[PDB]
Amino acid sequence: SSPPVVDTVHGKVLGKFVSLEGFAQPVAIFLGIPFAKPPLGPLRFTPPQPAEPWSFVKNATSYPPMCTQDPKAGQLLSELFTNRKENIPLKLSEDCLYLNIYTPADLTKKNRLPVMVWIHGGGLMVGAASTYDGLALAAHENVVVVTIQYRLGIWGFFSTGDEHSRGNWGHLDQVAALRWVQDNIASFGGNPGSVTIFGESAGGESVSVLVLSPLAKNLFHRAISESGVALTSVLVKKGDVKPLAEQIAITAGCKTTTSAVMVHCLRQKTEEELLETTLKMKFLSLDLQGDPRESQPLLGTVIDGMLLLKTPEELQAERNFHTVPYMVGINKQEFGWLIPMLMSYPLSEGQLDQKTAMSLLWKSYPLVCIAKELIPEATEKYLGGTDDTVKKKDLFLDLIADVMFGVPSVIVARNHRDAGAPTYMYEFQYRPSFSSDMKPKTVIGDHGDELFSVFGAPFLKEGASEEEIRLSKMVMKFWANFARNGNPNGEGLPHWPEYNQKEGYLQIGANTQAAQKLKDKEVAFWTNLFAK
């Protein structure tokens, strides 16, 4: 029939139907819907403003650009995380505040299906929404899937520490996309009364941040963090952020007389000029030559006084905030291959010794945040075993993963629980067939592996076994049920214990079964070690 045409507040939107195998009702897809005014010129380094309305019918049938980022790194991550057959090459632009919608609802009628907003990851430096296709999830579980984008790197996170540039522009874009949904999603057969935000990695941490922010209050009703939370140090800048702002400005060829002078100067810079600055800063690579405490991994989240009134530690410590069902999960080997490879980690010999371990762990300061006085003990706790240099390197990775995702995730889960809100945890342990060739088959539950089950990659790509297909059908149902009742459980699916005092979590993989006290031991150790 005639392409799908939905009416929104700003104007009519045109899309295209896409039927999936085994589903009569085709899925309506809208690509590149603007949810905010293009942040160009004077709007750079400022909160997102509403999108100007249009006079006729807007054709939303073309993938939007991805926010300015390292094009090589961007395309690489996309190819590794995409759930669709062939990766979709994208263009770069500052005009990237768009979102993609996938509704399996029959627009001719009135439907109120649950809405699931996806926040992509990429360390807040790279990524896009187009990378994730929701055609499968939307059909198999009959939910309206929405993928959003937000300013990355300098454009979405540059902060001078004061009012001239508070920061968190990227986080504000997410909040704006959430309001867009509350105001228009009903036009796509989605129930604005039931919105679930979920994201992986930096997207995960973003979810945690939104769950603690007063600005997002009432913009969602359930949240899910996949391998990433607000306690994930590397993504949250604590202390005086001024030194960073100046370092960036100097590189860009700007004076540092005052804050307003820097912001003004940086606004004058071109996109290419700021992309070059980015490349020079080398944000997603382990800095070897230099002091570990001087390596700037990124311009993560900050305490601007708007989105976040104080550090995540401080905020969660209190129990006076709108609580919602929150699902926090991690993978078996978060630091298995993906992250180390991208960051170009030194580990290439396949083995390591205490001395070298403590040497590498040190330079990993901008990631784990371990005082040089805690290096020995930390290394001993994980490598103080077998003489096998090879088995050491493996325990070294588990060492890093526990500090970045493991312990943090569990902590957030505990606090949310104590806050008196429905909490859930899981430990994904599986090795997708879509993995990379360079990835050693001895790795399972790597960073981002759960993505393929979540977005039903086995229903779009080819070569998926019946075992890999069912696993996905299970995850999608678990997720979708949560978006529906704030409870993953359902008929035909194993039992998922709510993370309470017993601290029971679900283990997903070849064999999905419940368990208890995830990393419980690991947490204890670090909680004391970190206490100096």
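Throughout, rigid core stands for the largest set of C-alpha atoms superposing within 1.5 Å between the two forms. Start at 1 and count along the sequence shown; that's the residue number.
Relative to the shown model and aligned on the rigid core, the C-alphas in 4 other deposited structures of this protein deviate most, among 313 to 321 and 359 to 367, for 313 to 321. For the pair 191 to 199 and 385 to 393, greater average C-alpha departure from the shown form in 4 other deposited structures of this protein after core alignment is found in 385 to 393. When the two stretches 277 to 285 and 353 to 361 are set side by side, the higher mean Cα temperature factor goes to 353 to 361. In this entry, 317 to 325 shows the higher mean Cα temperature factor of the pair 317 to 325 and 452 to 460. In this entry, the residue among 261, 92, 210, 342 with the greatest C-alpha B factor is 342.
Highest C-alpha temperature factor among 118, 169, 382, 81, as the PDB entry reports it: 382. In this PDB entry, residue 486 carries a Cα temperature factor that places it within the middle third of its chain's modelled residues.
In this PDB entry, the Cα temperature factor of residue 440 sits in the top third of its chain's modelled residues, the highest group. When the modelled residues of the chain are ordered by their C-alpha B factor, residue 162 lands in the lowest third. Ranked within its chain, residue 198 lands in the lowest third, by CA B factor from the PDB record. Ranked within its chain, residue 155 lands in the lowest third, by CA B factor from the PDB record.
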